[PDB]
Amino acid sequence: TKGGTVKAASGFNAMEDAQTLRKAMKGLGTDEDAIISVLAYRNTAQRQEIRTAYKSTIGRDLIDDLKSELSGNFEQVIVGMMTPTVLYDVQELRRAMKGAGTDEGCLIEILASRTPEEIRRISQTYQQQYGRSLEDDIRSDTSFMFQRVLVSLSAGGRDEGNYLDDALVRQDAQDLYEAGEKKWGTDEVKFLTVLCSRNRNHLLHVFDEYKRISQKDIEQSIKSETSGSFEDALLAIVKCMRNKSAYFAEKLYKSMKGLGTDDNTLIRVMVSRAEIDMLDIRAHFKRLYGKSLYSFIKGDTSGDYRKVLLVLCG
Ligand SMILES: [Ca+2]
């Protein structure tokens with residue numbers, strides 16, 4: 001509805017930007033403000049043109065220079081901003097799975113929120129970059145019903161388009177109701193099949209019908225009937241089908257509220273959504289939590305890290 005905070009700059013000069021960035025980094029010390037004033041006011045495509053211009057105008061490599069000059073969370077945001085869109089998702093997935101230990105929250109967030117077309121691009125880029133299957137890595141790094149959900153999302157077999165069959169809607173809702181009657185533990189395969197196979201229009205109709213027949217939101221039933229990462233994956237699917245901007249508002253809230261900060265999630269959401277739907281995310285955040293997103297970031301971060309996140313917020 002409202003769209004991104006970061007837009008293409010109108011008077012963009014890639015050579016001038018390269019000069020500005022080199023001046024900011026040349027010699028002892030850094031003008032971090034100058035780096036933000038350029039990069040946070042260009043879109044991801046424009047940033048790639050600056051990388052090309054920096055090689056031809058400065059005789060140096062921009063990402064290499066920024067990695068050398070910057071540290072910590074600030075470095076992570078800036079390098080992430082500089083990364084092509086699809087590759088950034090690819091790299092986040094790889095980081096989530098590399099070594100023993102698995103960032104399951106990252107896997108859920110990307111695989112439930114991207115469209116099947118985006119997931120296909122991510123899957124192909126991952127394969128090209130690493131010589132590894134995305135699906136095979138997911139299979140190794142997750143288990144049981146959670147694994148099945150993530151493999152399905154990554155394999156891109158969900159029905160597409162918006163064809164609406166009322167009889168099938170009714171059947172799917174009835175099947176989910178029946179799965180909730182069990183005296184023994186839900187029928188988890190049915191949640192898997194419905195939530196991973198059906199098109200969005202169909203699912204929105206199933207959610208409505210499910211509330212009509214059960215008197216509960218499907219989210220409430222998911223929370224009562226399932227647990228662990230599987231529960232989290234099913235909720236993320238439902239939330240992203242209903243309104244992805246709201247889902248991301250919740251993720252930002254969770255990343256900052258309470259004891260500790262999940263900087264990896266904060267950074268990834270702010271970088272990956274700034275150009276897409278940040279104004280909508282802001283609106284939902286305010287409706288949900290009665291505070292501005294800006295003020296959360298302001299109150300929970302500091303330094304140049306805070307400064308760049310606040311520009312990405314608008
Ligand atoms: Ca320097």
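Note: hydrogens, waters and symmetry copies are ignored here, and every other heavy atom, side chains too, is used. Residue numbers count from 1 along this sequence.
Proximity of a side-chain donor or acceptor of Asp65 to a complementary backbone N or O of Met25 within less than 3.5 Å is not detected. Between the side chain of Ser214 and the backbone N or O of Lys216, at least one donor-acceptor pair lies under 3.5 Å. Listed for the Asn13 side chain is a donor-acceptor partner under 3.5 Å among the backbone atoms of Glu16. Between the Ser272 side chain and the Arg268 main chain, a donor and an acceptor come within less than 3.5 Å of each other. At distances below 3.5 Å, at least one donor-acceptor pair connects side-chain atoms of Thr193 with backbone N or O atoms of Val189. Distance alone, capped at 3.5 Å, is enough to place a donor-acceptor pair between the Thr226 side chain and the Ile222 backbone. When atom types are taken as modelled, the side chain of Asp262 and the backbone of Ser255 share no donor-acceptor pair closer than 3.5 angstrom. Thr52 places a side-chain N or O within donor-acceptor distance of the main-chain N or O of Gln48, the cut-off being under 3.5 Å. With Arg47 contributing its side chain and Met82 its backbone, the two residues share no donor-acceptor pair below 3.5 Å. Panel note: side chain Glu188, backbone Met145; no donor-acceptor pair is recorded below 3.5 Å.
In summary, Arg94 and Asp137 engage in a salt bridge, as defined by a charged side-chain N under 4.0 Å from a carboxylate O. A salt bridge is defined here as a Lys NZ or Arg NE, NH1 or NH2 lying under 4.0 Å from an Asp or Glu carboxylate O, and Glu117 with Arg121 fails to meet this definition. Between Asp33 and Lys307 there is a salt bridge, with a side-chain nitrogen of the basic residue lying less than 4.0 Å from a carboxylate oxygen of the acidic one. Between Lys223 and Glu231 there is no salt bridge, since none of the side-chain N atoms of the basic residue sits less than 4.0 Å from a carboxylate O of the acidic one. Ion pairing of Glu69 with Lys26 is absent here, as no side-chain N (NZ or NE/NH1/NH2) approaches a carboxylate O to less than 4.0 Å. The residues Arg95 and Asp103 are annotated as not salt-bridged, no charged nitrogen and carboxylate oxygen being separated by less than 4.0 angstrom. With salt bridges taken as basic N to acidic carboxylate O contacts below 4.0 Å, one links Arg212 and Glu209.
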| request: Could you go through the side chain to side chain donor-acceptor pair (under 3.5 Å) check for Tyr126 and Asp89 one step at a time? | output: CA-CA 9 Å; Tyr126 185 106; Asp89 289 351; over 6 Å; no
| query | Are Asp277 and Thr1 close enough, and set up right, to give a side-chain contact (heavy atoms from CB on, under 4.5 Å), and what steps lead you there? | reply | CA-CA 8 Å; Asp277 59 348; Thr1 124; over 6 Å; no
| Stepwise salt bridge (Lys or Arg N to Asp or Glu O under 4.0 Å) check, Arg139 with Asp136 | CA-CA 5 Å; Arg139 289 175 189 121; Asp136 286 333; 3.1 Å; yes
| request: Under the side-chain contact (heavy atoms from CB on, under 4.5 Å) rule, what do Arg200 and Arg158 come out as? Steps first, then yes or no, please. | output: CA-CA 9 Å; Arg200 182 169 179 257; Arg158 180 188 293 294; over 6 Å; no
| Yes or no on side-chain contact (heavy atoms from CB on, under 4.5 Å) for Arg282 and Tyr294, after CA distance, side-chain angles and deciding distance? | CA-CA 8 Å; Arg282 278 166 54 184; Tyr294 181 100; over 6 Å; no
| request: List the steps and the verdict of side-chain contact (heavy atoms from CB on, under 4.5 Å) for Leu39 and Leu21. | output: CA-CA 9 Å; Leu39 293 180; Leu21 294 162; 4.0 Å; yes
| query | Would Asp280 and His284 count as a side chain to side chain donor-acceptor pair (under 3.5 Å) if you check the C-alpha gap in whole Å, the side-chain angles of each, and the deciding distance to 0.1 Å? | reply | CA-CA 6 Å; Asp280 304 288; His284 287 279; 5.9 Å; no
| query | Between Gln128 and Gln124, is a side chain to side chain donor-acceptor pair (under 3.5 Å) present by the stated rule, with each step listed? | reply | CA-CA 6 Å; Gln128 212 166 280; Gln124 289 175 332; over 6 Å; no
| task | Output, in order, the C-alpha distance, side-chain angles, deciding distance and verdict of ring pair (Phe, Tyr, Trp, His ring centres under 6.0 Å) for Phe248 and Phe285. | result | CA-CA 9 Å; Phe248 286 111; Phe285 188 100; over 10 Å; no
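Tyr130 OH: more than 12 foreign heavy atoms inside a 6.0 Å radius. Atom NZ of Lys2 is surrounded by more than 12 heavy atoms from other residues, nucleotides or ligands within 6.0 Å. Annotation for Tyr163: atom OH does not count as buried by contact number, only 12 or fewer foreign heavy atoms lying within 6.0 Å. The local environment of NZ in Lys7 is crowded, with over 12 non-hydrogen atoms from other residues, nucleotides or ligands closer than 6.0 Å. Annotation: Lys254, atom NZ; neighbour count of heavy atoms from other residues, nucleotides and ligands within 6.0 Å does not exceed 12.
Considering every non-hydrogen atom in both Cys313 and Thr5, the closest pair reads O-CG2, 3.1 Å. In this structure, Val77 and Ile267 approach most closely via the heavy-atom pair CA-CG2, 4.2 Å. For the residue pair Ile281 and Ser245, the shortest heavy atom distance occurs at CG1-O, 3.6 Å. Across all non-hydrogen atoms, the minimal contact from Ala40 to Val6 is O-CG2, 4.1 Å. Residues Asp61 and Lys55 come closest through the heavy atom pair OD2-CE, 3.5 Å. Heavy atoms only, all atoms of each residue included: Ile108 and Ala236 are closest at CG2-CB, 3.5 Å.
Residues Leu70 and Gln76 fail the side-chain proximity criterion, which asks for heavy atoms closer than 4.5 Å. Annotation: side chain of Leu62 is in contact with side chain of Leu66 (closest heavy-atom distance under 4.5 Å). Contact check for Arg114 versus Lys244: no side-chain heavy atoms found under the 4.5 Å cut-off. Contact check for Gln174 versus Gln171: side-chain heavy atoms found under the 4.5 Å cut-off. In this structure, the side chains of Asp172 and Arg198 come closer than 4.5 Å at one or more pairs of heavy atoms. Between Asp263 and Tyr305, the closest side-chain pair of non-hydrogen atoms falls below 4.5 Å. In this structure, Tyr247 and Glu109 have side chains that are in contact, with non-hydrogen atoms separated by less than 4.5 Å. Side-chain contact between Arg51 and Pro84: present, with at least one pair of heavy atoms (C-beta onward) separated by less than 4.5 Å.
When the side chains of ILVMFWY residues are joined at heavy-atom separations under 4.5 Å, either directly or via intervening members, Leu312 and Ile276 end up in two distinct hydrophobic clusters. At a threshold of 4.5 Å between side-chain heavy atoms, the hydrophobic network of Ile, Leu, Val, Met, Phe, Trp and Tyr places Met270 and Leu288 in one connected group. Hydrophobic clustering keeps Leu279 apart from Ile297 (ILVMFWY residues linked when any side-chain heavy atoms are closer than 4.5 Å, directly or through intermediates). Residues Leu87 and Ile63 share a hydrophobic cluster, clusters being chains of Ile/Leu/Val/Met/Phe/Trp/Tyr side chains in contact below 4.5 Å. No chain of hydrophobic side-chain contacts below 4.5 Å, direct or via other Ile, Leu, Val, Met, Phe, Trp or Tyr residues, connects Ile213 to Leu168.
Aromatic pair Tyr177/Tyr210: centroids not less than 6.0 angstrom apart. Between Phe191 and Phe230, the distance separating the two ring centers is not shorter than 6.0 angstrom.
Note that the CG atom of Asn43 and the OG1 atom of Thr85 stand 8.5 Å from one another [nearest 0.5 Å]. Atom OG in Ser221 sits 4.5 Å away from atom CD in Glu225 (nearest 0.5 Å).
In summary, the side chains of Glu275 and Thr44 do present a donor paired with an acceptor at a separation below 3.5 Å, with no hydrogens or angles considered.
Between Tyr253 and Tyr289, the two ring planes are parallel [angle under 30°; tilted spans 30° to 60°].
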